[PDB]
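Residue numbers (UniProt numbering), protein chains in the order written: chain A, 129 to 232; chain B, 660 to 897, 915 to 1025; chain C, 18 to 26, 31 to 222; chain D, 294 to 513; chain E, 25 to 139.
Even for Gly, the Cβ is constructed at its ideal location relative to N, Cα and C.
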RNA sequence: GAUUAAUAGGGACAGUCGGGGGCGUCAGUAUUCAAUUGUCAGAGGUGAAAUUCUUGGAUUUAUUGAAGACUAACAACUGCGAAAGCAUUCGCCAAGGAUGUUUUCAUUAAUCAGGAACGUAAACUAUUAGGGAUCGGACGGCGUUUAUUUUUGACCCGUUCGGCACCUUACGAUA
């Protein structure tokens, strides 16, 4: 983030079974999976690199990221549900009571 | 809950980065920095249109439905409205959700989408047959690039720096008040001013980090008095084409570059300062040289009010204005406390 | 010391709820075996809904649920109903002394044809070794693809765990059934109640 | 070979630093830089090794930056008051007591050094060590100017100590005359202002309201 | 209602009724299963879990928290991933003696690949 | 002076396809070991026990760090490789399959003596004639969803090659 917090985002995304279909397996091809994962990492990088941590949590709460991944991956293969399953803060290099009290 | 899920809400304010000239109190709708600009990004969609007026009317449609939910719900002590903008020229369709909280905080709300920058690049690219629109189209694209895109990372970096540098906030307030009494802040954008005061805190050589607001203010005025802007650009830690194409500096005087902004032009040349010998910029370096000269010749005493009284010399026409105000206006509803007419200004009257 | 009494008599503040997801071939069978499930879960106090559109079984604790372990019973019940245990057995987990277990056996054999041979060796000729294991261990064993789903008392869960690992590790289940029959014969008389029984197996 | 040019750079360093050989400014001047360069060329680390960027065949850049680094970390600016001392050839770091010492002549060189100017020399040395370790921005022309001694909170004090029994709160007696060489009032206001401005947290973390202090006797 | 977090480690050999604060750091009161039963055979039994849950609920009602969030686990590395009888019996006795239950979760260590 | 261009070959190009291979890299838990706290009487095994660890605090609770291993669920009446075998992401390196082409030399080929490269177990056992599935191309299209409208992809359908496997029938057989 812009406040120099490094963090890992783990996103999960299940494939959409299209209504009015007859075939039982909704398998995406492997190249299609690689394209989906490329668009997923592109979306989460482009929409998590610009904001601070408080705006990132405010976007994580109503799941705007998974909604935009669902909206932008449906030209490659439609996805049943995209969630971000883990956020892990690795290093926080600052202790600042100014922003930490501007939160509270 | 919306048809398009929220993704990012980033206020871009000097009230976030602790550099509004007046520190906020509850209420003051008169005040300049009171409507607090906030950029907002939705999730990605392909259903935004492909023209400027249409995308902006879709934007105010989303602002209208946000304001409709806000006026419906039980926090409706919050009041809101939608209002136009002119600061981006030629985009007459820019509107905001301006929202007042019960504790008097006013917030300017604007939506960002992914196709605006590409559309303004389209406007820079097209109309090639006219052959004179590209410079002012670049001005509009980079004014957008100021107010919408770079201000988020800007307030993030100044917010993460202002805790480690604590006198920086009254120092930018004092240098900005000096620019206010010397009539320079209307052509000078504020981000250039915050970077200008920020050089003395983050590149403090050969002095210490300023542990006093007056120390930081004096270091800013002497760095301006010793800054020869011809040969020296200001590179801060929070080029070789422009002095070739502009050797007399008729277009740009200040070059303030960062790892944020590596072009050095976004807060100086984009605004379009008039810059010959007899204008705002050379007048600014002349006032700072006069400040350093007075603080050399007479010292530091109660006659430091010469730095805060303007000279009003070397101006062609001078026009004095008075506005239809009562006594103690505007100050008492700005929340600033001069003017002893407002009795009890030392208390919560 | 081991018997468990049925619950005689609001113990839930946050209204708990669980979900599991099933495919379509199970959606048919669940759609026409569901009223038994929701009847017994209404007798336990937990609302159970089925969603053929998304393919999801949900349980949720109502206002008048009093047994707090009932939500764990219901979560295991919908797990087994998703994993295609038949419906009276999945409802038989709702008794007090029963518990289920899933044994992942695909990690135990590197080869494929050897794994198929050893799984069919676990299943036996005409299912006779499997129902012999079910009799000797008082369990319900379902050799389910790459896993093995067992139900019953906790003692039987432990013995079928040992037998399934030893069957995958090339010890024969007929040998293990002979071992269990010897252990049953030795535990019948308590004259040999505490000795080391390794001198007999 | 480059001893002369290294002393030249040290004199330029000190004349912009405001320090000199005078007793009223700390006594660290050209002579103290020169004897420091001699002691560091003939030793200085804790196991009495000849110091690594201080061999006699090196350039004035290396001699100057190594005197900067040793004044910035080892035992020569703030550590020769509290945590360490030096000895002459073969020169060695000793982790006890304050002096810049010569046992062959029984003279301490830093007798003119107050702890205030010592700590000022250490923040200057640490800053110049960072400046010489900087590899992107050119750093010859920044030479430190001393707003630590002249800030905007420069407090002007007019004190008449006449007569001394009724115009000074502490007695100027025979032992104070034997100890101090007419800078007794200055060292007094130094210790008084440090004890005034020093806090003390419960968890052992020492914090003060100030980092550095200077008392200049104006019009001396 | 002060929510304390009850870790119930229900294995096949012994059950651990453990009560911590919301942090996980400061143990309030724990009673293992085997300290209430004289027999190591019957250490993991519903009677043992009932006695342990009654003692833990008595101590935590003397301290006055009267509300728990319950996290149930078992031996999960190469173990069974199913709780023993201690989980059901301890939760039954725990909410049968006071103790408005909050959020129930089965936090078993599930390996992504163990052996 | 030089045939059919084979319903046999080998090659070229294009979009591709694959849990095929090598090298690096990125993660994920779990286990063990160690440290920091809250501990405060057993813990561990077993059908019961015992050996063992346990007021210098075991097992447990929380947080970090290291090491080695492996890649759950997805995971299949599937995919790839000649075989053993092959499942974390990304990058690089060659190779291979099928399809399509408005691609070339025209018997180059088939089969294996000799030889050459890769390497604790067992234990119940010229068509058949199509159809339903399946995946890899290529083509076609009434249409739903991408799509703010064109791409393009997902779903449905038909044609066509190619391939793992099911059932029926044998076209028969035969030890």
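Worksheet entry | Neighbour flag for residue 160 of chain A against chain B, beta carbons, 7 Å | Position 32 of the first chain, counted from the start, is the residue given in the question as residue 160 of chain A. It does not; no Cβ of chain B falls within 7 Å.
Worksheet item: If you drop the 5 nearest sequence neighbours on each side, which residues of the same chain put their C-beta closer than 7 Å to that of residue 494 of chain D?
Response: For this step, residue 494 of chain D is matched to residue 201 along the fourth chain. Hits under 7 Å: 500.
Fill in: Distance CB(residue 333 of chain D)-CB(residue 418 of chain D) smaller than 7 Å
Translated into the one-based positions of the fourth chain, residue 333 of chain D becomes position 40. Translated into the one-based positions of the fourth chain, residue 418 of chain D becomes position 125. In this structure, residue 418 of chain D does not lie closer than 7 Å to residue 333 of chain D by Cβ.
Worksheet item: Where does residue 217 of chain A sit, in a helix, a strand or coil, going by DSSP?
Response: Against the first chain, residue 217 of chain A aligns to sequence position 89. DSSP places residue 217 of chain A in strand when its eight states are reduced to three.
Practice prompt. Starting from residue 55 of chain E, follow its DSSP beta bridges and name the residues at the other end.
Written response: Here the question's residue 55 of chain E lines up with position 31 in the fifth chain. E:41.
Discussion item. Within 7 Å of any Cβ in chain A, is that where the Cβ of residue 667 of chain B sits?
Written reply: What you label residue 667 of chain B is simply residue 8 of the second chain in a count that begins at 1. So yes, residue 667 of chain B belongs to the interface.
Item to complete: Using DSSP bridges, identify the partner residues of residue 386 of chain D.
Response: To locate residue 386 of chain D, count along the fourth chain from 1; it is residue 93. Bridge partners of residue 386 of chain D: D:379.
Item to complete: Say whether chain B places a C-beta atom closer than 7 Å to the C-beta of residue 475 of chain D.
Response: On the fourth chain, residue 475 of chain D is found 182 positions in, with the first residue counted as 1. Cβ-Cβ to chain B under 7 Å: no for residue 475 of chain D.
Item to complete: Take every Cβ of the segment 127 to 134 of chain C, pair it with every Cβ of the segment 60 to 79 of chain C, and state whether three or more of those distances are shorter than 8 Å.
Response: no
Worksheet item: Under a three-way DSSP split, which group does residue 739 of chain B fall into?
Response: For the purposes of this step, residue 739 of chain B is taken as residue 80 along the second chain, with counting starting at 1. In the structure shown, residue 739 of chain B sits in a strand (DSSP, three-state: E or B).
Fill in: chain B within 7 Å of residue 446 of chain D, Cβ atoms only
To locate residue 446 of chain D, count along the fourth chain from 1; it is residue 153. Cβ-Cβ to chain B under 7 Å: yes for residue 446 of chain D.
Worksheet entry | Span separating the alpha-carbon of residue 109 of chain C from that of residue 223 of chain A | The residue labelled residue 109 of chain C in the question sits at position 88 within the third chain. The residue labelled residue 223 of chain A in the question sits at position 95 within the first chain. Taking the straight line joining both Cα atoms gives about 59 Å.
Item to complete: Identify the continuous alpha helix (DSSP H) that holds residue 30 of chain E and give its terminal residues.
Response: Counting from one through the fifth chain, the residue named residue 30 of chain E turns up at place 6. No alpha helix (DSSP H) contains residue 30 of chain E, which is instead part of the beta strand (DSSP E) from 26 to 34.
Worksheet item: Where do the ends of the alpha helix (DSSP H) carrying residue 189 of chain C lie?
Response: Taking the first residue of the third chain as 1, we reach residue 189 of chain C at position 168. Start and end: 175 to 189.
Worksheet item: Looking only at its own chain, which residues have a Cβ that is under 6 Å from the Cβ of residue 24 of chain E, when we skip the five neighbours before and after it?
Response: Nothing can be reported for residue 24 of chain E, as the shown portion of chain E is limited to 25 through 139.
Discussion item. Here's a check: name, in chain order, each residue in its chain whose Cβ is nearer than 6 Å to the Cβ of residue 884 of chain B, leaving out the five neighbours to either side.
Written reply: For this step, residue 884 of chain B is matched to residue 225 along the second chain. Result list for residue 884 of chain B: 964, 965, 968, in chain order.
Worksheet entry | residue 159 of chain E - containing alpha helix (DSSP H), residue span | Given a span of 25 to 139 for chain E in the structure shown, any question on residue 159 of chain E remains unanswerable.
Item to complete: Would you please state the rounded distance, in angstroms, between the beta carbons of residue 144 of chain C and residue 151 of chain C? I believe it to be under 8 Å.
Response: Numbered from its first residue, the third chain carries residue 144 of chain C at position 123. Numbered from its first residue, the third chain carries residue 151 of chain C at position 130. Residue 144 of chain C to residue 151 of chain C, Cβ: 5 Å. Contact.
Worksheet item: Which residues of chain D have a Cβ atom closer than 7 Å to the Cβ of residue 865 of chain B, listed in chain order?
Response: Indexing the second chain from 1 puts residue 865 of chain B at position 206. Chain D residues near residue 865 of chain B: 435, 436, 437, 438.
Worksheet entry | Contiguous alpha helix (DSSP H) assignments of at least 4 residues, all confined to the segment 81 to 149 of chain C | 91 to 103, 108 to 113, 134 to 144
Worksheet item: Is there contact between the segment 211 to 225 of chain A and the segment 134 to 144 of chain A, where contact requires at least three CB pairs shorter than 8 Å?
Response: yes
Worksheet item: Does DSSP put residue 688 of chain B in a helix, in a strand, or in coil?
Response: Residue numbering aside, residue 688 of chain B sits at position 29 when the second chain is read from its first letter. It is coil, neither helix nor strand.
Practice prompt. Using a cut-off of 7 Å between C-beta atoms, extract the partners of residue 95 of chain C located in chain E.
Written response: Sequence index remark: in the third chain, residue 95 of chain C carries index 74 (1-based). By Cβ distance, chain E contributes nothing, its closest Cβ being about 11 Å from residue 95 of chain C, past 7 Å.
Discussion item. Is the separation between the beta-carbon of residue 853 of chain B and that of residue 679 of chain B shorter than 7 Å?
Written reply: Within the second chain, residue 853 of chain B is the residue found at index 194, counting from 1. Within the second chain, residue 679 of chain B is the residue found at index 20, counting from 1. No, the Cβ-Cβ distance between residue 853 of chain B and residue 679 of chain B is not below 7 Å.
Worksheet entry | Within 7 Å, strictly: CB atoms of residue 895 of chain B and residue 934 of chain B | In the second chain, residue 895 of chain B corresponds to position 236, counting from 1. In the second chain, residue 934 of chain B corresponds to position 258, counting from 1. For residue 895 of chain B and residue 934 of chain B, yes; Cβs fall inside 7 Å.
Discussion item. Under 7 Å, Cβ to Cβ, is there at least one residue of chain D near residue 934 of chain B?
Written reply: As a first step, residue 934 of chain B is located in the second chain; it is residue number 258 there, counting from the start. With 7 Å as the cut-off, residue 934 of chain B does not count as an interface residue toward chain D.
Worksheet item: What first and last residue would you give for the alpha helix (DSSP H) that runs through residue 323 of chain D?
Response: By 1-based counting over the fourth chain, the position of residue 323 of chain D is 30. Per DSSP, residue 323 of chain D belongs to the alpha helix (DSSP H) from 323 to 334.
Worksheet item: Does DSSP put residue 765 of chain B in a helix, a strand or coil?
Response: Stepping through the second chain from its first residue, residue 765 of chain B is reached at position 106. Strand, per DSSP.
Worksheet item: Contact between the segment 45 to 54 of chain E and the segment 187 to 207 of chain C: three or more CB pairs below 8 Å?
Response: no
Worksheet entry | Proximity winner among E:92, E:139, E:120, E:123, relative to residue 129 of chain E (alpha-carbon distances) | As a first step, residue 129 of chain E is located in the fifth chain; it is residue number 105 there, counting from the start. Here the closest residue by C-alpha is E:92.
Discussion item. Taking a contact to mean a Cβ-Cβ separation below 7 Å, would you say residue 685 of chain B touches residue 777 of chain B in this structure?
Written reply: Position 26 of the second chain, counting from 1, holds the residue named residue 685 of chain B. Position 118 of the second chain, counting from 1, holds the residue named residue 777 of chain B. The answer is no: Cβ separation not under 7 Å.
Worksheet entry | Contacts that residue 35 of chain C makes with chain E (C-beta to C-beta distance below 8 Å) | Residue 35 of chain C sits at position 14 when you count from the first residue of the third chain. In chain order: 126, 127.
Worksheet item: Helix, strand or coil: which one does DSSP assign to residue 479 of chain D?
Response: The residue labelled residue 479 of chain D in the question sits at position 186 within the fourth chain. Helix.
Discussion item. Check whether the segment 46 to 60 of chain C and the segment 1010 to 1024 of chain B touch, using three or more Cβ-Cβ pairs below 8 Å as the test.
Written reply: no
Discussion item. Quick check for students: name the residue ranges of the alpha helix (DSSP H) that lie wholly in the segment 938 to 1000 of chain B, counting only runs of 4 or more.
Written reply: 956 to 973
Item to complete: Return the Cβ separation of residue 39 of chain C and residue 80 of chain C in integer angstroms, given the expectation that the two are a contact with Cβ distance under 8 Å.
Response: Here residue 39 of chain C refers to the residue found at position 18 of the third chain. Here residue 80 of chain C refers to the residue found at position 59 of the third chain. About 5 Å separates the two Cβ atoms, so the contact holds.
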